[PDB]
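**Q** File follows, run.cif with mmCIF, C-alpha atoms:
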```
data_start
loop_
_atom_site.label_atom_id
_atom_site.label_comp_id
_atom_site.auth_asym_id
_atom_site.auth_seq_id
_atom_site.Cartn_x
_atom_site.Cartn_y
_atom_site.Cartn_z
CA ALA A 1 0.00 0.00 0.00
CA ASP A 2 2.98 2.26 0.80
CA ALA A 3 4.75 0.42 -2.00
CA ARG A 4 2.10 1.50 -4.53
CA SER A 5 2.12 5.16 -3.37
CA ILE A 6 3.92 8.39 -4.34
CA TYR A 7 4.54 11.55 -2.35
CA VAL A 8 3.65 14.67 -4.32
CA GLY A 9 5.47 17.68 -2.90
CA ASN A 10 4.55 21.33 -3.56
CA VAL A 11 0.74 21.26 -3.74
CA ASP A 12 -1.40 24.35 -3.11
CA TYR A 13 -4.75 24.72 -1.28
CA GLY A 14 -6.58 24.93 -4.64
CA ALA A 15 -5.58 21.35 -5.52
CA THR A 16 -8.67 19.13 -5.90
CA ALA A 17 -8.56 15.32 -5.79
CA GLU A 18 -10.29 15.32 -9.22
CA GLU A 19 -7.39 17.33 -10.68
CA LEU A 20 -4.49 15.51 -9.08
CA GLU A 21 -5.85 12.19 -10.31
CA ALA A 22 -6.36 13.54 -13.84
CA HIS A 23 -2.67 14.67 -13.73
CA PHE A 24 -1.55 11.07 -13.15
CA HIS A 25 -4.43 9.25 -14.86
CA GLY A 26 -1.94 8.56 -17.68
CA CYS A 27 0.32 6.36 -15.46
CA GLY A 28 -2.27 3.82 -14.43
CA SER A 29 -5.36 3.23 -12.35
CA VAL A 30 -5.50 5.26 -9.12
CA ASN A 31 -7.16 3.95 -5.93
CA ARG A 32 -6.90 6.92 -3.57
CA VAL A 33 -5.84 10.57 -3.52
CA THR A 34 -4.97 12.19 -0.22
CA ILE A 35 -4.22 15.92 -0.15
CA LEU A 36 -2.76 17.44 3.08
CA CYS A 37 -2.52 21.27 3.48
CA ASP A 38 -1.08 23.33 6.37
CA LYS A 39 -1.75 26.82 4.91
CA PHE A 40 -5.05 27.91 3.34
CA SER A 41 -4.15 31.29 1.89
CA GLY A 42 -0.99 33.25 1.05
CA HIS A 43 2.02 31.10 0.26
CA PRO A 44 0.79 27.46 0.23
CA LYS A 45 2.24 24.51 2.17
CA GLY A 46 1.19 20.99 1.39
CA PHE A 47 1.71 17.73 -0.39
CA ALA A 48 -0.48 14.82 -1.41
CA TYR A 49 -0.30 11.05 -1.69
CA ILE A 50 -1.29 9.14 -4.80
CA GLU A 51 -1.87 5.43 -4.21
CA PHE A 52 -2.02 3.52 -7.48
CA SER A 53 -3.66 0.14 -8.00
CA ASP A 54 -0.55 -1.54 -9.41
CA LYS A 55 3.06 -1.03 -8.28
CA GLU A 56 4.32 -0.55 -11.90
CA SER A 57 2.60 2.89 -11.88
CA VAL A 58 5.03 4.16 -9.18
CA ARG A 59 8.16 3.83 -11.40
CA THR A 60 6.02 5.27 -14.25
CA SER A 61 4.85 8.32 -12.21
CA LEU A 62 8.46 9.39 -11.43
CA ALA A 63 8.38 10.76 -15.03
CA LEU A 64 6.28 13.67 -13.72
CA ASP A 65 8.81 14.78 -11.11
CA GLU A 66 9.52 18.48 -11.77
CA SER A 67 6.39 18.67 -13.95
CA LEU A 68 4.14 21.76 -13.88
CA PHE A 69 0.95 21.04 -12.00
CA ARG A 70 -1.49 23.91 -11.38
CA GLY A 71 1.24 26.41 -12.34
CA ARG A 72 3.80 25.04 -9.88
CA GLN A 73 6.49 22.43 -10.32
CA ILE A 74 5.86 19.33 -8.25
CA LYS A 75 8.26 16.90 -6.55
CA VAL A 76 7.34 13.23 -7.17
CA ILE A 77 9.13 10.65 -4.96
CA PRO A 78 7.93 7.13 -3.99
CA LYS A 79 6.56 6.75 -0.46
CA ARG A 80 8.99 3.82 -0.10
CA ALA B 1 -4.34 15.86 17.11
CA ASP B 2 -7.17 13.31 16.81
CA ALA B 3 -8.60 14.98 19.95
CA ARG B 4 -8.55 18.21 17.90
CA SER B 5 -9.81 16.90 14.52
CA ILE B 6 -13.29 16.52 13.02
CA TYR B 7 -14.29 13.97 10.38
CA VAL B 8 -16.19 15.43 7.45
CA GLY B 9 -18.20 12.97 5.33
CA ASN B 10 -19.84 13.82 2.00
CA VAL B 11 -17.08 16.04 0.67
CA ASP B 12 -17.56 16.60 -3.09
CA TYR B 13 -14.47 15.48 -5.04
CA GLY B 14 -14.09 19.00 -6.45
CA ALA B 15 -13.47 20.42 -2.97
CA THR B 16 -10.27 22.30 -2.19
CA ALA B 17 -8.65 22.72 1.23
CA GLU B 18 -9.10 26.49 0.99
CA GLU B 19 -12.85 26.06 0.32
CA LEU B 20 -13.15 23.66 3.26
CA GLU B 21 -11.21 25.97 5.59
CA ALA B 22 -13.43 28.91 4.46
CA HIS B 23 -16.50 26.82 5.34
CA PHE B 24 -15.12 26.11 8.79
CA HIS B 25 -13.31 29.42 9.50
CA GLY B 26 -16.03 30.53 11.93
CA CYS B 27 -15.40 27.61 14.30
CA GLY B 28 -11.80 28.50 15.13
CA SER B 29 -8.22 28.38 13.94
CA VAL B 30 -7.44 25.40 11.60
CA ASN B 31 -3.99 23.67 11.54
CA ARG B 32 -4.44 21.13 8.80
CA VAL B 33 -6.89 20.01 6.14
CA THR B 34 -6.71 16.45 4.82
CA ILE B 35 -8.89 15.48 1.85
CA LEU B 36 -9.32 11.80 1.00
CA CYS B 37 -11.15 10.65 -2.12
CA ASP B 38 -11.43 7.05 -3.44
CA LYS B 39 -13.61 7.32 -6.63
CA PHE B 40 -12.92 9.45 -9.74
CA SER B 41 -15.95 8.83 -11.96
CA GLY B 42 -19.19 10.84 -12.17
CA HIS B 43 -19.65 13.33 -9.36
CA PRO B 44 -18.51 11.19 -6.45
CA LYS B 45 -17.79 12.16 -2.86
CA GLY B 46 -14.90 11.54 -0.50
CA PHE B 47 -14.16 12.85 2.96
CA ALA B 48 -11.95 15.21 4.94
CA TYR B 49 -10.37 15.58 8.35
CA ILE B 50 -10.25 19.08 9.77
CA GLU B 51 -7.61 19.61 12.45
CA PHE B 52 -8.08 22.67 14.66
CA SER B 53 -5.63 24.58 16.89
CA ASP B 54 -7.96 24.20 19.90
CA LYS B 55 -10.01 21.31 21.39
CA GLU B 56 -13.02 23.64 21.96
CA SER B 57 -13.33 24.38 18.23
CA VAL B 58 -14.38 20.79 17.50
CA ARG B 59 -17.57 21.07 19.58
CA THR B 60 -18.35 24.40 17.90
CA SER B 61 -17.81 22.86 14.44
CA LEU B 62 -20.36 20.11 15.23
CA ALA B 63 -23.05 22.78 14.53
CA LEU B 64 -22.19 22.59 10.83
CA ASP B 65 -23.33 18.94 10.61
CA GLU B 66 -25.93 18.58 7.80
CA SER B 67 -24.89 22.02 6.51
CA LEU B 68 -24.62 22.52 2.74
CA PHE B 69 -21.22 22.36 1.03
CA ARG B 70 -20.79 22.08 -2.77
CA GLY B 71 -24.28 20.67 -3.29
CA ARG B 72 -24.15 18.14 -0.47
CA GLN B 73 -25.07 17.95 3.17
CA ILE B 74 -21.85 17.22 5.04
CA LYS B 75 -21.51 14.91 8.05
CA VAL B 76 -19.50 16.38 10.92
CA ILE B 77 -18.42 14.29 13.88
CA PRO B 78 -15.30 14.21 16.09
CA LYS B 79 -12.55 11.95 14.63
CA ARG B 80 -13.19 8.31 15.66
#
```
Transcribe the structure of this file into structure tokens.
**A**
Amino acid sequence: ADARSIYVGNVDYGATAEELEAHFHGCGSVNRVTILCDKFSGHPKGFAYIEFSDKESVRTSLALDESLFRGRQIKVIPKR
Amino acid sequence: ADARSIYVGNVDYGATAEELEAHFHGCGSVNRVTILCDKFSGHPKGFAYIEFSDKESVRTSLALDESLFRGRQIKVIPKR
């Protein structure tokens, strides 16, 4: 479950689960999206977890590290 | 933290953390918003945990149970 998950660093408070999924839909089936935010205005402060169905999708998703999501470049590293 | 959080059922999958915090701003100062969503087809719902700065804010927030948020009546209870 941790093995099938990525950390997604640098995620604002306007990130919706709908959108984050859609940004990784291309890498494989997604089971869950978890967004965590510690600021809700001003400069943002938050990450998310994407838990894919299959493990393969984790190696695949690393191809989006440094990609532009919602106008900001995200950090994609596996949860394990 | 769990003594300071509420569980929020029926959260539309288009919800943002800023929108949630705005909805709950009246009840007290919020540390952390966590949005969890498991389905990404149609107009599904997920849920959220709202962590406050203060234990008293939880009881206050319980008033917003059944209140309307993005076209759904939300369920507000203290975190199990």
**Q** If you count all atoms listed in the file, which residues fall within 12 Å of residue 28 in chain A, apart from same-chain ones fewer than 6 positions away, as JSON, numbers by chain?
**A** {"A": [4, 5, 21, 22, 50, 51, 52, 53, 54, 55, 56, 57, 58, 59, 60, 61]}
**Q** Using all C-alpha atoms matched in sequence order, least-squares fit chain A onto chain B and give the RMSD rounded to one decimal in Å.
**A** 0.9 Å
**Q** To verify the selection step, state as JSON, numbers by chain which residues the PyMOL selection byres ((chain A) within 9 of (chain B)) yields on this input.
**A** {"A": [12, 13, 14, 15, 16, 17, 18, 19, 21, 22, 30, 31, 32, 33, 34, 35, 36, 37, 38, 39, 40, 41, 48]}
**Q** Can I get the selected residues back with C-alpha atoms, as a PDB file, keeping the file's coordinate frame?
**A**
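The result, written out as part.pdb:
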```
ATOM      1  CA  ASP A  12      -1.400  24.350  -3.110  1.00  0.00           C
ATOM      2  CA  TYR A  13      -4.750  24.720  -1.280  1.00  0.00           C
ATOM      3  CA  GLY A  14      -6.580  24.930  -4.640  1.00  0.00           C
ATOM      4  CA  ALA A  15      -5.580  21.350  -5.520  1.00  0.00           C
ATOM      5  CA  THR A  16      -8.670  19.130  -5.900  1.00  0.00           C
ATOM      6  CA  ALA A  17      -8.560  15.320  -5.790  1.00  0.00           C
ATOM      7  CA  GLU A  18     -10.290  15.320  -9.220  1.00  0.00           C
ATOM      8  CA  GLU A  19      -7.390  17.330 -10.680  1.00  0.00           C
ATOM      9  CA  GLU A  21      -5.850  12.190 -10.310  1.00  0.00           C
ATOM     10  CA  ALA A  22      -6.360  13.540 -13.840  1.00  0.00           C
ATOM     11  CA  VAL A  30      -5.500   5.260  -9.120  1.00  0.00           C
ATOM     12  CA  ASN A  31      -7.160   3.950  -5.930  1.00  0.00           C
ATOM     13  CA  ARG A  32      -6.900   6.920  -3.570  1.00  0.00           C
ATOM     14  CA  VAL A  33      -5.840  10.570  -3.520  1.00  0.00           C
ATOM     15  CA  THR A  34      -4.970  12.190  -0.220  1.00  0.00           C
ATOM     16  CA  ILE A  35      -4.220  15.920  -0.150  1.00  0.00           C
ATOM     17  CA  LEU A  36      -2.760  17.440   3.080  1.00  0.00           C
ATOM     18  CA  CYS A  37      -2.520  21.270   3.480  1.00  0.00           C
ATOM     19  CA  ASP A  38      -1.080  23.330   6.370  1.00  0.00           C
ATOM     20  CA  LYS A  39      -1.750  26.820   4.910  1.00  0.00           C
ATOM     21  CA  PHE A  40      -5.050  27.910   3.340  1.00  0.00           C
ATOM     22  CA  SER A  41      -4.150  31.290   1.890  1.00  0.00           C
ATOM     23  CA  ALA A  48      -0.480  14.820  -1.410  1.00  0.00           C
TER      24      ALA A  48
END
```
**Q** Residue 2 in chain B: which residues within 9 Å, counting only C-alpha atoms, same-chain residues fewer than 5 positions away excluded, as a list in words?
**A**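 Near residue 2 in chain B, the qualifying residues are residues 51, 78, 79 and 80 of chain B.
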**Q** Which distance in Å separates CA of residue 69 in chain B and CA of residue 10 in chain B, to one decimal?
**A** 8.7 Å
**Q** Once 5 Å is added on each side, what centre and edge lengths in Å to one decimal does the axis-aligned box around all listed atoms of range 49-52 of chain A have, as lines of an AutoDock Vina configuration file?
**A**
```
center_x = -1.2
center_y = 7.3
center_z = -4.6
size_x = 11.7
size_y = 17.5
size_z = 15.8
```
**Q** Just to confirm, what's the straight-line distance from CA of residue 27 in chain A to CA of residue 6 in chain A in Å (one decimal)?
**A**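 Rounded to one decimal, the two atoms are 11.9 Å apart.
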**Q** Please provide the set of residues having any atom within 9 Å of residue 76 in chain A, restricted to all atoms listed in the file, with same-chain residues fewer than 4 positions apart removed, written as a list in words.
**A**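 After dropping sequence-adjacent residues, the list is residues 6, 7, 8, 9, 61, 62, 63, 64, 65, 66 and 67 of chain A.
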**Q** Kindly give the distance, in Å, that separates CA of residue 70 in chain A and CA of residue 42 in chain A, rounded to a single decimal.
**A**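 Spanning CA of residue 70 in chain A to CA of residue 42 in chain A is a straight-line distance of 15.6 Å.
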